[PDB]
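One chain comes next, on its own, written as structure tokens: the form deposited in one PDB entry.
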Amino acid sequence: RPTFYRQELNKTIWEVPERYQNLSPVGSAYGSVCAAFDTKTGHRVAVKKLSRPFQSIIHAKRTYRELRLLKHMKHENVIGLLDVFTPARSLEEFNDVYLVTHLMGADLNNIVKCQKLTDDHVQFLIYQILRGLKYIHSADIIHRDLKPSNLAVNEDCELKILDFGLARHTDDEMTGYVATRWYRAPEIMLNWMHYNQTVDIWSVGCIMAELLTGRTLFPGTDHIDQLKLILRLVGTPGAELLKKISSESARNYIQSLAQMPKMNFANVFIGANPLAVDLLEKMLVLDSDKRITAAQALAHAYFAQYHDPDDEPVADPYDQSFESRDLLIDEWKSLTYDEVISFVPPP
């Protein structure tokens, strides 16, 4: 066990191993975050102290879910876990959880608004998102919250996916003129049906379009305005997709709208690479069963310069059976403790 030291920073007590030095607050409902220098590895890191990790059954299970997910992710284009610790010496006094990751600087928002991107930049950025998604989807994980602020980018255009959706976002958070909804697939925005990993490909399409034009693709002022923007581009649904919408009321609302054909994407994305236009038509399909997958998209000709089928790995199997399990607070807490003390750091 390492030696810990205590200190109060912005009305919060931080008790961390000596290896972490020069802590400095950098943001704060999930927890508080500090930047630090890790003397063992030489990296600048983010140290997150979870807020009230075991206050309810829902909160205790969310804590376990986040720790299991971060411990599993081992891929160049996905954020991974550098360390996890608690100052507790026993399960009986276990109360605080700290997560350590690489410190991220710029996100894709900064780049999209402040840089002139060549077509080569768009190829490399979207390639890396799809490479990470092939890995994530191979373990039957759905990200659910892909958007520019959840993609970290450095000066060499290298990219990592972060901030997996832990089923956290509230009704108030998705209301009105907000980027938290502009990247969501319509079937999840309006609860049309049980969703699957195809919702992430819809998000990549929205992100790719914004890199090409400099503008948000579907900036709706509310759920209904956003649906109207979507259907004007991709067309209103046919009878085949209507069959798949479980809500009879949602089916009724859809059929209330006048029918519209799919638009010509070359006249929307004026001047873009014809291979980029072709890929966007295959991502932004209304029926989720018919969207291109991440593995299929990596082999698309738009990525000819970067695609290497021997360097696009898949994930180890990921057991999610705990999600359907019913446990008490102290049982979720004990499972979390076990995962903290069994952590083994990367090479």
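The term rigid core refers to the maximal set of C-alpha atoms that superpose within 1.5 Å between the two forms. We number the residues from 1 along the sequence you see.
With each structure aligned by its rigid core, the stretch whose Cα atoms sit farther from this model in 6 other deposited structures of this protein, between 126-134 and 188-196, is 188-196.
Note on 29-37 and 296-304: with rigid core alignment, C-alpha atoms in 6 other deposited structures of this protein sit farther from this form for 29-37. For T175, the fraction of other compared entries lacking coordinates, among those that model flanking residues, reaches at least a third. For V84, the record comparison shows coordinates present in all the other entries of this protein that model its neighbours, with no third of them leaving it out. The deposited sequence places no unmodelled residues between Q296 and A297, so the chain runs continuously there. The stretch with the higher mean CA B factor, choosing between 155-163 and 214-222, is 155-163. Annotation for 71-79 versus 241-249: the higher mean temperature factor (C-alpha) is found in 241-249. Take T236, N110, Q128, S203 and read off each C-alpha B-factor from the entry; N110 has the highest. Sorting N273, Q255, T175, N267 by the CA temperature factor given in the entry leaves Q255 at the top. Ranked against the other modelled residues of its chain, the C-alpha B-factor of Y20 as given in the entry falls in the lowest third. Among all modelled residues in its chain, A315 ranks in the middle third by Cα B-factor. When the modelled residues of the chain are ordered by C-alpha B-factor, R184 sits in the lowest third. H121 sits in the middle third of its chain by CA B factor, as recorded in the PDB entry. In the deposited entry, the Cα temperature factor of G132 places it in the lowest third of its chain's modelled residues.
Unshown form solved in complex with a small molecule; subsequent notes refer to it.
Contact check for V178: every heavy atom lies farther than 4.5 Å from the small molecule in the bound PDB entry. Though the partner is left out of this view, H300 does not reach within 4.5 Å of the small molecule in the bound PDB entry, counting heavy atoms only. A residue is said to contact a partner when one of its heavy atoms sits within 4.5 Å of a partner heavy atom; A294 fails this definition for the small molecule in the bound PDB entry, lying far away. The shortest heavy atom separation between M104 and the small molecule in the bound PDB entry is within 4.5 Å.
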